[PDB]
């Protein structure tokens, strides 16, 4: 089931979209550490922000505020629906904050009995007990003792099923606008708008988990902007820090006001070092030029994947948005995603899976055209070894 590297593949150095291991073997990185290094490895602007803030102040706790956090909060507020933010360390933590907030808001504004959370089969929201129970893979939430209750799962993209389970006792709908791990499946426009309308009807909060699809990944700053559907709460991580552990939960003042002093917290969350790095990342990703390039680069990848399919006949579908790319394997290659991944690594290209039937790509948003061509040539060679 899980993908792990053997003892002879230990990454030691990265620069841009290239990675070297202990043996000095060079790889083209189309995986980004699972869509994390959205500006590649050791990006000079990010290294500069790390080093300069690293000389000044790393940590003070939430007994205090700090300038890099306030600067970053201001940027996120100015660029999105958000009016308030909370910074944490990981996507899992941001989701914990979001889910607790949706629960607490319902409890204090409506009723302590308004507790149901609707989530989706194959969703991934993290590995904490609560977040993995909201996630939609029972294999990952089984076996840890009593799960937090009042979570209902229905199929992704099934609006009827959502309408059927939702009621006045529902506090939230939690959804990834594109399910990254779950086969790179994008919400349909009708489905996502439908969720907004149902949450409005039932006075439930719409929570978008944009940990994977946010911060430029789709070619808009956040996937919600592509759809034009505004959530009540949004979570962000991964690309937000370009490899530095940082995350954010975004909401409105009206919702945030349900939290009081002590309702939530974090030792490291809102760390000046993290926020200086995320500020630098944000300044680069949130530019017309970088967002446009994500679309150009997507089509460069897609054209290679189509060429590979023309030669080898291995894909049934190429999907995703921006530089989150899914390539679904044909029935003749069902369950082979891991083998194409390992073959890719032998050929010097790092890719991902999205379940056993789907190849996933999540390269740097600024991956050079020459790296796209070189890495896709390597991938084509790996494909040739698997099938030919």
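Numbering follows the first chain given and starts at 1.
- On average the C-alpha atoms of 257 to 265 have higher B-factors than those of the other stretch, with 71 to 79 and 257 to 265 being the two compared.
- Remark: stretch with higher mean C-alpha B factor among 312 to 320 and 291 to 299 is 312 to 320.
- Based on the entry's C-alpha B-factors, the most elevated value among 49, 35, 57, 329 belongs to 329.
- When the modelled residues of the chain are ordered by C-alpha B-factor, residue 364 sits in the lowest third.
- Residue 112: CA B factor in the lowest third of modelled residues in this chain (values from the PDB entry).
- Placement of the Cα temperature factor of residue 103 within the chain: lowest third of the modelled residues, per the deposited record.
- Ranked by C-alpha B-factor against the other modelled residues of its chain, residue 168 falls in the middle third.
- Ranked by C-alpha B-factor against the other modelled residues of its chain, residue 210 falls in the lowest third.
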